[PDB]
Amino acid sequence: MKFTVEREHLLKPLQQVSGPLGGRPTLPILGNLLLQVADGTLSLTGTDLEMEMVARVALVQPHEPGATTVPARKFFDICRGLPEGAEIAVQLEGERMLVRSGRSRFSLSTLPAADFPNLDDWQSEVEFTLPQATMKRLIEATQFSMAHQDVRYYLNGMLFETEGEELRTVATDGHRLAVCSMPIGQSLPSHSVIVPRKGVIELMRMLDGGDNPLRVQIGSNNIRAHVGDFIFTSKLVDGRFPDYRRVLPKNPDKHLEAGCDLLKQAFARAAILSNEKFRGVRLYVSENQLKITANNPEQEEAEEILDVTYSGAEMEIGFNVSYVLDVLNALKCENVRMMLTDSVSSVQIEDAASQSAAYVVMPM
């Protein structure tokens, strides 16, 4: 194996395939990247046995086919630490990989490519394409509502659901829920799968924000995303994800509209004097007015009064202010609509201007 590649053609591929690579490999060789030269292309692979990231780099300079594996972090750091414009010449030399550029030289240890885990081929059952912006919107709208449990917990991940012409994400921890649906202009079979937290992070991380659209393939137990010259594959989480349709409040007839930024600032101040563990605040809704109160075991008290648009019946309701703040911070919009029923029912929150995301928060 031999190749020479200009540094800035190697750097982004290395960064995308390296990470993670999350500190605790279950086999030593998983701390290495797999390098493969074949048919004019250098392929770079990183994996933790569950997810896999593969980058392909076209080789325009002289090269020789073959494969090896080298420590990912060290190889990345050597390439990154070389100056702008550096040509990076690599050759396999026995049990070492030699890296040369200018008058810099590095001999890295290798482990055989034949020993690197090769994840089984699988068959896609659903495929679609979408703009990167749409995927980014879907994830950012819901990601914060996933449970923070052990890795295999069924709610520690994001439901991805295809239905008609839309892709939908759902995330929940059993107390609050986020759901976002976006049309993608292709009619799709009914299907839903759970992508683990770590998979969700990589789907986001692979979005550069450019011309390149995203191509997604979903199988029985895996999902695959292609963008430009990169392919990411993740295992799915086994589990029965809850039905968001059953958690939306049936008749959230009482509608309050407020400026998102003023509402957020008011909740943020009140939160300071809320119970540090339970984070409870009380909302008092009345005609064109919202009153937010908080108190804590030290008998400290906060009160905020805001003008809002509201003309239904008065009511009082308790919420976890962190959950409410998470929603307002995810919305990043001018006005918010809070859709209320009564003191013992959940609230549904939406950008006043768009129903494409909804958030459900249970009262305390």
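Whichever C-alpha set is largest while still superposing within 1.5 Å between the two forms counts as the rigid core. In this text, residue numbers run from 1 along the sequence as written.
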| property | result |
| --- | --- |
| Higher-deviation segment by CA RMS in 5 other deposited structures of this protein, core fitted, 101-109 or 279-287 | 101-109 |
| More shifted region, core-based fit in 5 other deposited structures of this protein, 184-192 vs 114-122 by CA | 114-122 |
| Other PDB entries, at least a third, lacking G22 | yes |
| Stretch with the higher entry mean CA B-factor, where the candidates are 211-219 and 254-262 | 211-219 |
| Stretch exceeding the other in mean C-alpha B-factor - 12-20, 352-360 | 12-20 |
| Selection from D77, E95, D173, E87 [criterion: highest C-alpha temperature factor in the record] | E95 |
| Residue with maximal Cα B-factor (values as given in the PDB entry) among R197, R269, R152, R168 | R152 |
| Chain-relative CA temperature factor third for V281 | middle |
| CA B-factor placement of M206, once the chain's modelled residues are sorted into thirds | highest |
| Modelled-residue ranking by C-alpha temperature factor, third containing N329 | middle |
| Lowest, middle or highest third - CA B-factor, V308 | middle |
| Chain-wide C-alpha B factor ranking for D120, given as lowest, middle or highest third | middle |
